[PDB]
Every structure is written in C-alpha cells, then in structure tokens.
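Undergrad: So here's start33.txt (compact mmCIF, N, CA and C atoms).
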# COMPACT_ATOMS: atom_id res chain seq x y z
N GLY A 1 19.13 -20.17 30.45
CA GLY A 1 19.62 -20.32 29.05
C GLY A 1 18.56 -20.89 28.14
N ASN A 2 18.48 -20.38 26.92
CA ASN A 2 17.48 -20.84 25.97
C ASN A 2 18.04 -21.97 25.11
N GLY A 3 17.25 -23.00 24.90
CA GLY A 3 17.69 -24.13 24.11
C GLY A 3 16.88 -24.29 22.84
N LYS A 4 16.99 -25.47 22.23
CA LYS A 4 16.28 -25.79 21.00
C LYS A 4 16.64 -24.82 19.88
N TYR A 5 17.86 -24.94 19.39
CA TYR A 5 18.32 -24.08 18.30
C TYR A 5 17.93 -24.70 16.96
N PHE A 6 16.65 -24.96 16.82
CA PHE A 6 16.11 -25.57 15.63
C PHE A 6 14.63 -25.22 15.48
N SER A 7 14.29 -24.62 14.36
CA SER A 7 12.91 -24.26 14.08
C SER A 7 12.65 -24.31 12.58
N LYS A 8 11.48 -24.80 12.20
CA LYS A 8 11.09 -24.86 10.81
C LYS A 8 9.81 -24.08 10.59
N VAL A 9 9.86 -23.15 9.63
CA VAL A 9 8.73 -22.27 9.31
C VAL A 9 8.43 -21.31 10.47
N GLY A 10 7.77 -20.19 10.15
CA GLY A 10 7.35 -19.26 11.18
C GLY A 10 8.51 -18.65 11.93
N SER A 11 8.80 -19.20 13.10
CA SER A 11 9.87 -18.71 13.94
C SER A 11 11.23 -18.88 13.26
N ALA A 12 11.31 -19.79 12.29
CA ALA A 12 12.53 -19.97 11.52
C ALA A 12 12.79 -18.75 10.64
N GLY A 13 11.73 -18.22 10.05
CA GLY A 13 11.87 -17.02 9.24
C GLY A 13 12.27 -15.85 10.09
N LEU A 14 11.72 -15.80 11.30
CA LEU A 14 12.06 -14.77 12.26
C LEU A 14 13.51 -14.88 12.67
N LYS A 15 13.96 -16.10 12.95
CA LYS A 15 15.31 -16.33 13.37
C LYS A 15 16.30 -15.93 12.28
N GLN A 16 15.95 -16.22 11.03
CA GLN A 16 16.78 -15.84 9.91
C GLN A 16 16.74 -14.33 9.68
N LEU A 17 15.60 -13.70 9.95
CA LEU A 17 15.48 -12.28 9.72
C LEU A 17 16.20 -11.51 10.80
N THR A 18 15.97 -11.90 12.04
CA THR A 18 16.61 -11.26 13.18
C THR A 18 18.13 -11.34 13.07
N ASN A 19 18.59 -12.45 12.51
CA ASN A 19 20.00 -12.68 12.27
C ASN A 19 20.51 -11.71 11.21
N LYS A 20 19.74 -11.61 10.14
CA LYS A 20 20.06 -10.74 9.01
C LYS A 20 19.94 -9.25 9.35
N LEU A 21 18.94 -8.89 10.14
CA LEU A 21 18.72 -7.49 10.49
C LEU A 21 19.59 -7.08 11.67
N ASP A 22 20.30 -8.06 12.24
CA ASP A 22 21.13 -7.86 13.41
C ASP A 22 20.31 -7.35 14.59
N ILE A 23 19.02 -7.66 14.61
CA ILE A 23 18.15 -7.20 15.68
C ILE A 23 18.07 -8.25 16.78
N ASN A 24 17.19 -8.03 17.74
CA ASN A 24 16.94 -9.00 18.79
C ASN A 24 16.20 -10.20 18.23
N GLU A 25 16.20 -11.28 18.98
CA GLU A 25 15.49 -12.48 18.58
C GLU A 25 13.99 -12.28 18.79
N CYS A 26 13.20 -12.97 17.99
CA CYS A 26 11.76 -12.80 18.03
C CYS A 26 11.04 -14.12 17.86
N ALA A 27 9.96 -14.28 18.59
CA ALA A 27 9.19 -15.51 18.57
C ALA A 27 8.01 -15.41 17.62
N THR A 28 7.54 -14.19 17.39
CA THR A 28 6.43 -13.96 16.50
C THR A 28 6.72 -12.79 15.58
N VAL A 29 6.01 -12.70 14.46
CA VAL A 29 6.13 -11.55 13.58
C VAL A 29 5.74 -10.28 14.33
N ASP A 30 4.76 -10.41 15.22
CA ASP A 30 4.28 -9.27 16.00
C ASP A 30 5.40 -8.68 16.84
N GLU A 31 6.10 -9.55 17.56
CA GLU A 31 7.24 -9.13 18.37
C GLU A 31 8.41 -8.71 17.48
N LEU A 32 8.54 -9.41 16.35
CA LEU A 32 9.57 -9.11 15.36
C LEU A 32 9.44 -7.67 14.87
N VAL A 33 8.22 -7.29 14.50
CA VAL A 33 7.93 -5.94 14.04
C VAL A 33 8.32 -4.91 15.09
N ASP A 34 8.02 -5.22 16.34
CA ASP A 34 8.25 -4.30 17.44
C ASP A 34 9.73 -4.03 17.63
N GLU A 35 10.54 -5.09 17.51
CA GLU A 35 11.99 -4.96 17.59
C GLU A 35 12.51 -4.11 16.44
N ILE A 36 12.02 -4.40 15.24
CA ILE A 36 12.37 -3.62 14.05
C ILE A 36 11.89 -2.18 14.19
N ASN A 37 10.76 -2.03 14.85
CA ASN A 37 10.16 -0.72 15.08
C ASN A 37 11.06 0.12 15.99
N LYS A 38 11.91 -0.56 16.76
CA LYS A 38 12.89 0.12 17.61
C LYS A 38 14.13 0.44 16.80
N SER A 39 14.37 -0.38 15.79
CA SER A 39 15.53 -0.24 14.93
C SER A 39 15.16 0.53 13.67
N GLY A 40 15.16 1.85 13.78
CA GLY A 40 14.72 2.72 12.69
C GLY A 40 15.37 2.41 11.36
N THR A 41 16.68 2.17 11.36
CA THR A 41 17.41 1.89 10.13
C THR A 41 16.90 0.61 9.48
N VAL A 42 16.75 -0.43 10.30
CA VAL A 42 16.22 -1.70 9.83
C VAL A 42 14.82 -1.52 9.29
N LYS A 43 13.98 -0.87 10.08
CA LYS A 43 12.58 -0.64 9.72
C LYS A 43 12.47 -0.04 8.33
N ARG A 44 13.16 1.07 8.13
CA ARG A 44 13.14 1.76 6.85
C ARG A 44 13.74 0.91 5.75
N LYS A 45 14.76 0.14 6.09
CA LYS A 45 15.43 -0.70 5.12
C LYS A 45 14.54 -1.85 4.67
N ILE A 46 13.71 -2.35 5.57
CA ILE A 46 12.79 -3.44 5.22
C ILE A 46 11.85 -3.00 4.10
N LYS A 47 11.47 -1.72 4.11
CA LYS A 47 10.64 -1.17 3.05
C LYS A 47 11.49 -0.84 1.83
N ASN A 48 12.77 -0.59 2.07
CA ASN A 48 13.69 -0.21 1.01
C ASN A 48 14.09 -1.43 0.21
N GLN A 49 14.19 -2.54 0.92
CA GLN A 49 14.42 -3.82 0.29
C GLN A 49 13.09 -4.41 -0.12
N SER A 50 13.10 -5.26 -1.12
CA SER A 50 11.88 -5.94 -1.50
C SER A 50 11.76 -7.24 -0.73
N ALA A 51 10.54 -7.62 -0.39
CA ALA A 51 10.30 -8.83 0.40
C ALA A 51 11.04 -10.03 -0.19
N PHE A 52 10.85 -10.24 -1.48
CA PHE A 52 11.53 -11.31 -2.21
C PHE A 52 13.04 -11.21 -2.03
N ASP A 53 13.58 -10.02 -2.29
CA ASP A 53 15.01 -9.79 -2.23
C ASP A 53 15.55 -9.95 -0.81
N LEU A 54 14.95 -9.22 0.13
CA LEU A 54 15.33 -9.28 1.54
C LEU A 54 15.37 -10.72 2.02
N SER A 55 14.31 -11.47 1.74
CA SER A 55 14.21 -12.85 2.16
C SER A 55 15.26 -13.72 1.47
N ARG A 56 15.40 -13.54 0.15
CA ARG A 56 16.37 -14.30 -0.64
C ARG A 56 17.79 -14.10 -0.10
N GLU A 57 18.11 -12.87 0.26
CA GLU A 57 19.43 -12.54 0.77
C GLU A 57 19.72 -13.30 2.06
N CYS A 58 18.69 -13.51 2.86
CA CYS A 58 18.84 -14.15 4.15
C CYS A 58 19.34 -15.58 4.00
N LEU A 59 19.03 -16.21 2.87
CA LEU A 59 19.50 -17.56 2.62
C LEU A 59 20.83 -17.56 1.88
N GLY A 60 21.03 -16.54 1.05
CA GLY A 60 22.28 -16.42 0.32
C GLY A 60 22.25 -17.08 -1.04
N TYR A 61 21.05 -17.41 -1.51
CA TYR A 61 20.90 -18.02 -2.83
C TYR A 61 21.18 -16.98 -3.91
N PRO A 62 21.83 -17.37 -5.01
CA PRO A 62 22.05 -16.47 -6.14
C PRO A 62 20.74 -15.96 -6.70
N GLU A 63 20.62 -14.65 -6.86
CA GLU A 63 19.37 -14.02 -7.25
C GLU A 63 18.74 -14.73 -8.46
N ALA A 64 19.48 -14.75 -9.56
CA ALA A 64 19.01 -15.30 -10.82
C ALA A 64 18.63 -16.78 -10.69
N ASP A 65 19.51 -17.58 -10.10
CA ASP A 65 19.27 -19.02 -9.98
C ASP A 65 18.10 -19.30 -9.05
N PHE A 66 17.97 -18.49 -8.00
CA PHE A 66 16.86 -18.61 -7.08
C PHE A 66 15.55 -18.28 -7.79
N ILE A 67 15.56 -17.18 -8.53
CA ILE A 67 14.43 -16.77 -9.35
C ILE A 67 14.06 -17.87 -10.34
N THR A 68 15.09 -18.47 -10.92
CA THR A 68 14.93 -19.56 -11.86
C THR A 68 14.15 -20.72 -11.23
N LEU A 69 14.38 -20.97 -9.95
CA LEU A 69 13.67 -22.04 -9.25
C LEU A 69 12.17 -21.73 -9.14
N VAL A 70 11.84 -20.53 -8.67
CA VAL A 70 10.45 -20.22 -8.34
C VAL A 70 9.60 -20.05 -9.60
N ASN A 71 10.19 -19.52 -10.66
CA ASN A 71 9.51 -19.40 -11.95
C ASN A 71 9.03 -20.76 -12.46
N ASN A 72 9.70 -21.82 -12.03
CA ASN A 72 9.35 -23.16 -12.48
C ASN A 72 8.62 -23.93 -11.39
N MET A 73 8.11 -23.20 -10.40
CA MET A 73 7.33 -23.81 -9.33
C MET A 73 5.96 -23.16 -9.27
N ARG A 74 5.09 -23.71 -8.45
CA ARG A 74 3.85 -23.05 -8.11
C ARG A 74 3.62 -23.12 -6.62
N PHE A 75 2.75 -22.24 -6.15
CA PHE A 75 2.66 -21.97 -4.72
C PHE A 75 1.22 -21.82 -4.27
N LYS A 76 0.93 -22.33 -3.09
CA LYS A 76 -0.35 -22.10 -2.45
C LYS A 76 -0.25 -20.81 -1.66
N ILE A 77 -0.97 -19.80 -2.10
CA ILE A 77 -0.91 -18.51 -1.45
C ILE A 77 -2.11 -18.33 -0.54
N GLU A 78 -1.86 -18.38 0.75
CA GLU A 78 -2.90 -18.21 1.74
C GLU A 78 -2.67 -16.91 2.50
N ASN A 79 -3.59 -15.97 2.31
CA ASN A 79 -3.51 -14.65 2.94
C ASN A 79 -2.25 -13.91 2.51
N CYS A 80 -2.00 -13.93 1.20
CA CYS A 80 -0.87 -13.21 0.59
C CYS A 80 0.48 -13.83 0.95
N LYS A 81 0.45 -14.97 1.62
CA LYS A 81 1.67 -15.66 1.99
C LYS A 81 1.72 -17.05 1.37
N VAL A 82 2.89 -17.46 0.91
CA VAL A 82 3.09 -18.83 0.46
C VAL A 82 3.07 -19.76 1.66
N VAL A 83 1.98 -20.50 1.77
CA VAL A 83 1.78 -21.43 2.86
C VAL A 83 2.32 -22.80 2.47
N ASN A 84 2.28 -23.07 1.17
CA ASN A 84 2.80 -24.30 0.61
C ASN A 84 3.28 -24.04 -0.80
N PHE A 85 3.92 -25.03 -1.37
CA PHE A 85 4.50 -24.89 -2.70
C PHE A 85 4.93 -26.24 -3.26
N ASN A 86 5.20 -26.26 -4.56
CA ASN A 86 5.69 -27.45 -5.23
C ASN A 86 6.29 -27.06 -6.56
N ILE A 87 7.19 -27.87 -7.06
CA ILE A 87 7.85 -27.57 -8.31
C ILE A 87 6.98 -28.02 -9.49
N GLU A 88 6.88 -27.14 -10.47
CA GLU A 88 6.03 -27.35 -11.61
C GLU A 88 6.84 -27.94 -12.76
N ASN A 89 8.00 -27.36 -12.98
CA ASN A 89 8.92 -27.81 -14.01
C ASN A 89 10.31 -27.96 -13.40
N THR A 90 10.78 -29.19 -13.30
CA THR A 90 12.02 -29.49 -12.59
C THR A 90 13.25 -29.20 -13.44
N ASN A 91 13.06 -28.36 -14.45
CA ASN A 91 14.14 -27.95 -15.34
C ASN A 91 15.26 -27.26 -14.57
N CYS A 92 14.86 -26.43 -13.62
CA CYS A 92 15.81 -25.67 -12.82
C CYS A 92 16.64 -26.58 -11.91
N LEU A 93 16.07 -27.73 -11.54
CA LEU A 93 16.73 -28.70 -10.68
C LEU A 93 17.86 -29.43 -11.40
N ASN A 94 18.11 -29.08 -12.66
CA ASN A 94 19.25 -29.64 -13.39
C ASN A 94 20.54 -29.20 -12.72
N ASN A 95 20.49 -28.03 -12.10
CA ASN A 95 21.60 -27.51 -11.33
C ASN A 95 21.46 -27.92 -9.87
N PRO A 96 22.46 -28.64 -9.33
CA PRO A 96 22.45 -29.10 -7.94
C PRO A 96 22.43 -27.94 -6.96
N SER A 97 22.93 -26.80 -7.41
CA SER A 97 22.84 -25.56 -6.64
C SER A 97 21.37 -25.23 -6.41
N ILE A 98 20.60 -25.27 -7.49
CA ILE A 98 19.18 -24.96 -7.43
C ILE A 98 18.43 -26.08 -6.71
N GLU A 99 18.93 -27.30 -6.85
CA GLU A 99 18.44 -28.41 -6.06
C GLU A 99 18.54 -28.09 -4.58
N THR A 100 19.72 -27.62 -4.18
CA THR A 100 19.97 -27.18 -2.82
C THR A 100 19.01 -26.07 -2.43
N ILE A 101 18.84 -25.11 -3.33
CA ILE A 101 17.94 -24.00 -3.11
C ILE A 101 16.51 -24.49 -2.91
N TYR A 102 16.09 -25.41 -3.77
CA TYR A 102 14.74 -25.96 -3.74
C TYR A 102 14.48 -26.77 -2.48
N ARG A 103 15.40 -27.67 -2.18
CA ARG A 103 15.27 -28.55 -1.03
C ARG A 103 15.18 -27.76 0.27
N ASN A 104 15.63 -26.51 0.23
CA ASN A 104 15.53 -25.61 1.38
C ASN A 104 14.78 -24.33 1.00
N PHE A 105 13.84 -24.45 0.07
CA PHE A 105 13.05 -23.32 -0.40
C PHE A 105 12.09 -22.83 0.69
N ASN A 106 11.65 -23.75 1.54
CA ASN A 106 10.70 -23.42 2.60
C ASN A 106 11.27 -22.38 3.54
N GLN A 107 12.58 -22.42 3.73
CA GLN A 107 13.27 -21.43 4.54
C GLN A 107 12.98 -20.04 4.01
N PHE A 108 13.18 -19.88 2.71
CA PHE A 108 12.90 -18.62 2.05
C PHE A 108 11.48 -18.18 2.28
N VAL A 109 10.51 -19.05 2.00
CA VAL A 109 9.13 -18.68 2.14
C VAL A 109 8.80 -18.38 3.60
N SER A 110 9.46 -19.06 4.53
CA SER A 110 9.31 -18.76 5.95
C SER A 110 9.69 -17.31 6.22
N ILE A 111 10.85 -16.93 5.71
CA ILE A 111 11.37 -15.58 5.83
C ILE A 111 10.50 -14.60 5.04
N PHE A 112 10.12 -15.03 3.84
CA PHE A 112 9.25 -14.28 2.97
C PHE A 112 7.92 -13.99 3.66
N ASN A 113 7.32 -15.04 4.22
CA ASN A 113 6.09 -14.92 5.01
C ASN A 113 6.23 -13.82 6.04
N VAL A 114 7.41 -13.74 6.63
CA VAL A 114 7.69 -12.80 7.68
C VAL A 114 7.76 -11.39 7.12
N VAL A 115 8.57 -11.18 6.10
CA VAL A 115 8.74 -9.86 5.53
C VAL A 115 7.45 -9.41 4.85
N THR A 116 6.69 -10.38 4.37
CA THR A 116 5.39 -10.14 3.76
C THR A 116 4.40 -9.60 4.79
N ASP A 117 4.52 -10.09 6.01
CA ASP A 117 3.66 -9.66 7.10
C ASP A 117 4.19 -8.38 7.72
N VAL A 118 5.50 -8.37 7.95
CA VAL A 118 6.17 -7.25 8.59
C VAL A 118 6.09 -5.98 7.77
N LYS A 119 6.25 -6.09 6.46
CA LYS A 119 6.18 -4.92 5.59
C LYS A 119 4.76 -4.36 5.60
N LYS A 120 3.78 -5.23 5.84
CA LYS A 120 2.39 -4.80 5.99
C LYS A 120 2.17 -4.15 7.36
N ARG A 121 2.75 -4.77 8.38
CA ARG A 121 2.69 -4.27 9.74
C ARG A 121 3.32 -2.88 9.88
N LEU A 122 4.58 -2.77 9.50
CA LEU A 122 5.30 -1.51 9.57
C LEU A 122 4.74 -0.48 8.60
N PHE A 123 4.32 -0.93 7.43
CA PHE A 123 3.86 -0.03 6.39
C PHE A 123 2.53 -0.53 5.83
N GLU A 124 1.52 0.33 5.84
CA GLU A 124 0.17 -0.07 5.44
C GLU A 124 0.13 -0.56 4.01
N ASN A 125 1.17 -0.23 3.30
CA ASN A 125 1.39 -0.67 1.93
C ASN A 125 2.69 -0.05 1.43
N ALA A 126 3.47 -0.80 0.68
CA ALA A 126 4.76 -0.31 0.22
C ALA A 126 5.14 -0.89 -1.12
N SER A 127 5.96 -0.16 -1.85
CA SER A 127 6.52 -0.66 -3.08
C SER A 127 7.86 -1.33 -2.78
N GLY A 128 7.78 -2.43 -2.04
CA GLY A 128 8.96 -3.17 -1.66
C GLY A 128 8.66 -4.64 -1.57
N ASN A 129 8.00 -5.16 -2.59
CA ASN A 129 7.66 -6.57 -2.62
C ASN A 129 8.66 -7.35 -3.47
N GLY A 130 8.95 -6.82 -4.65
CA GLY A 130 9.86 -7.49 -5.55
C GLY A 130 9.98 -6.78 -6.87
N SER A 131 8.89 -6.79 -7.63
CA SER A 131 8.83 -6.10 -8.90
C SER A 131 7.39 -5.73 -9.20
N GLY A 132 7.14 -5.23 -10.40
CA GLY A 132 5.80 -4.85 -10.79
C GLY A 132 4.84 -6.01 -10.75
N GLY A 133 3.79 -5.85 -9.97
CA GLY A 133 2.83 -6.91 -9.77
C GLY A 133 3.33 -7.94 -8.77
N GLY A 134 4.50 -8.48 -9.06
CA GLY A 134 5.12 -9.43 -8.18
C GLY A 134 6.59 -9.59 -8.49
N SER A 135 7.34 -10.10 -7.52
CA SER A 135 8.76 -10.37 -7.68
C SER A 135 9.04 -11.23 -8.92
N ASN A 136 8.95 -12.54 -8.76
CA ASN A 136 9.19 -13.47 -9.84
C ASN A 136 8.30 -14.69 -9.68
N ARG A 137 7.19 -14.70 -10.42
CA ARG A 137 6.23 -15.81 -10.42
C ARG A 137 5.50 -15.96 -9.08
N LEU A 138 6.26 -16.14 -8.00
CA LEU A 138 5.68 -16.36 -6.67
C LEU A 138 4.70 -15.25 -6.30
N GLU A 139 5.15 -14.00 -6.32
CA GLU A 139 4.29 -12.89 -5.92
C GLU A 139 3.24 -12.60 -6.97
N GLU A 140 3.49 -13.04 -8.19
CA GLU A 140 2.55 -12.84 -9.26
C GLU A 140 1.30 -13.65 -8.98
N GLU A 141 1.51 -14.87 -8.50
CA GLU A 141 0.42 -15.73 -8.03
C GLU A 141 -0.29 -15.09 -6.84
N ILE A 142 0.47 -14.45 -5.97
CA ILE A 142 -0.11 -13.73 -4.84
C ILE A 142 -1.00 -12.60 -5.33
N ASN A 143 -0.44 -11.78 -6.21
CA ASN A 143 -1.18 -10.70 -6.85
C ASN A 143 -2.38 -11.25 -7.60
N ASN A 144 -2.20 -12.43 -8.17
CA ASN A 144 -3.27 -13.15 -8.85
C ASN A 144 -4.42 -13.44 -7.88
N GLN A 145 -4.08 -13.93 -6.68
CA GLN A 145 -5.07 -14.16 -5.64
C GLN A 145 -5.75 -12.85 -5.23
N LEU A 146 -5.01 -11.76 -5.36
CA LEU A 146 -5.50 -10.44 -5.00
C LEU A 146 -6.40 -9.89 -6.10
N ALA A 147 -6.13 -10.32 -7.32
CA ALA A 147 -6.92 -9.93 -8.47
C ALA A 147 -8.32 -10.53 -8.39
N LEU A 148 -8.39 -11.69 -7.74
CA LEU A 148 -9.67 -12.34 -7.47
C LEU A 148 -10.49 -11.51 -6.49
N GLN A 149 -9.79 -10.73 -5.67
CA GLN A 149 -10.44 -9.90 -4.68
C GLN A 149 -10.88 -8.58 -5.31
N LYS A 150 -12.05 -8.59 -5.91
CA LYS A 150 -12.62 -7.40 -6.50
C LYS A 150 -13.10 -6.46 -5.40
N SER A 151 -12.47 -5.30 -5.32
CA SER A 151 -12.82 -4.32 -4.31
C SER A 151 -13.90 -3.39 -4.84
For the structure just supplied, provide its representation as structure tokens.

TA:
Amino acid sequence: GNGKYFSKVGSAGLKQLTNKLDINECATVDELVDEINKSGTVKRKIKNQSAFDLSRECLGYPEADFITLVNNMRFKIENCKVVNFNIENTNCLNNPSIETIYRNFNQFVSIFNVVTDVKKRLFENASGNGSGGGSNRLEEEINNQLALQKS
C-alpha cells in the first residue's frame, strides 16, 4: 500500500492533474505524459484546454476572480514555468475568496507547471496556453521572458 497522501509542488500538480484527467497516478511529468499518451481523449483535451484554464479548473477557483488574483501578482518564470511568485497589489485580497485562492495559489502553479510541460511534451507547440500572448498576466510575463529570447 502507498502512503504519504501529501505533496506540495511538482508531484502535487501531477496528483491534481491525474485526479482531474481521471488517469493513473504519476510521480513525474514524464510519466504523467506517458499515461496521458495512453489516454487519447485526455491527451487531445489537454491541447484543447488552455494550460491556465485546465490548471485553474483543477482547483475550482472562479475564472474571473482567479484571474483577478494573478493580474495583481508577479511571478518568477524559470524555463517558461512559474517557479515562484508574489502579490504585487493586494487589492484582489479584499475578497476572502481570493485570499483563499492566493494562499493556495502555488497549487495552481504546480498544476500549471505540469500542463505547461506536458503540453510541450505531447505537442511541440500548441495554441492552448490561455490567450493571445498569455493567459492573464502570468503567461504574459512568461511570453515576456520569451521575448528576451531573440531567435
């Protein structure tokens, strides 16, 4: 029997995704992709859903209010993934709902990190990140880091 039903970051995003995708459990994004790779419907849906959206859904935060949180935050984007973050304008935290969302925002980014990697793994590139350039502020900063990368 497997124990330790507690994980923060990384495998936590996997655990939330595997739960959401109704797939097998996964210890790494690499193994996660492989399971999804077996689940054709999930695989295709991961590209059909946007990383931001797919990840946000996994937590169950209200789209608008969740977006409201990240627009007022900033993020350390390491390798196209939010590795760290902090709130820039605590205006959104006026709502205890968003407080709840914020205090557990890392969960989202954990899941986001996963879908951000998985969507790259399954698809060499896809229009399923969030919106043009980026979802909402968060991915814009990511795209911003990518803009620094003059090809």

Undergrad: Hey, could you make a per-residue contact list for range 18-83 of chain A against range 127-137 of chain A with 6 Å as the cut-off, showing the nearest pair of atoms and its distance in Å to one decimal, counting only N, CA and C atoms, sorted by chain and number, as JSON lines?

TA:
{"residue": "A:47", "atom": "C", "partner": "A:128", "partner_atom": "CA", "distance": 4.9}
{"residue": "A:48", "atom": "C", "partner": "A:128", "partner_atom": "CA", "distance": 5.7}
{"residue": "A:49", "atom": "C", "partner": "A:128", "partner_atom": "CA", "distance": 4.6}
{"residue": "A:50", "atom": "CA", "partner": "A:128", "partner_atom": "C", "distance": 3.5}
{"residue": "A:51", "atom": "N", "partner": "A:129", "partner_atom": "C", "distance": 3.6}
{"residue": "A:52", "atom": "N", "partner": "A:129", "partner_atom": "C", "distance": 4.1}
{"residue": "A:53", "atom": "N", "partner": "A:130", "partner_atom": "CA", "distance": 5.6}
{"residue": "A:70", "atom": "C", "partner": "A:137", "partner_atom": "CA", "distance": 5.5}
{"residue": "A:71", "atom": "CA", "partner": "A:137", "partner_atom": "CA", "distance": 5.1}

Undergrad: Go through A:108, A:31, A:43, A:138 one by one, measure the shortest atom-to-atom distance of each to residue 73 in chain A using all atoms listed in the file, and give the residue with the smallest value.

TA: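 Smallest separation from residue 73 in chain A among the options: A:138.
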
Undergrad: Give me the residues within 10 Å of residue 19 in chain A as an MDAnalysis selection string, counting only C-alpha atoms and dropping any in the same chain fewer than 6 places off.

TA: chainID A and resid 13 25 58

Undergrad: Report, in Å to a single decimal, how far apart atom C of residue 80 in chain A and CA of residue 147 in chain A are.

TA: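 About the pair CA of residue 147 in chain A and atom C of residue 80 in chain A: they are 12.6 Å apart.
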
Undergrad: Can you tell me how far CA of residue 57 in chain A sits from atom N of residue 140 in chain A, in Å to one decimal?

TA: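 Computed distance, CA of residue 57 in chain A to atom N of residue 140 in chain A, equals 18.3 Å.
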
Undergrad: Could you give me, as a ChimeraX atom specification, each residue of chain A that DSSP assigns to alpha helix (DSSP H) when run on this structure's backbone?

TA: /A:11-20,29-38,40-48,51-59,63-71,96-103,105-122,138-147

Undergrad: Identify which of the residues A:40, A:10, A:1, A:96 lies closest to residue 23 in chain A, counting only C-alpha atoms when measuring atom-to-atom distances.

TA: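 Of all the options, A:40 lies closest to residue 23 in chain A.
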
Undergrad: Check the smallest atom-to-atom distance from each of A:95, A:37, A:86, A:55 to residue 112 in chain A using only C-alpha atoms, then report the winner.

TA: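 Of the candidates, the smallest distance to residue 112 in chain A is held by A:55.
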
Undergrad: Per DSSP on the backbone, filter chain A down to the residues in strand (DSSP E) and report them as a PyMOL selection string.

TA: chain A and resi 73-78+81-87

Undergrad: Please indicate the distance in Å from CA of residue 26 in chain A to CA of residue 54 in chain A, rounded to one decimal place.

TA: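 It comes out at 17.2 Å.
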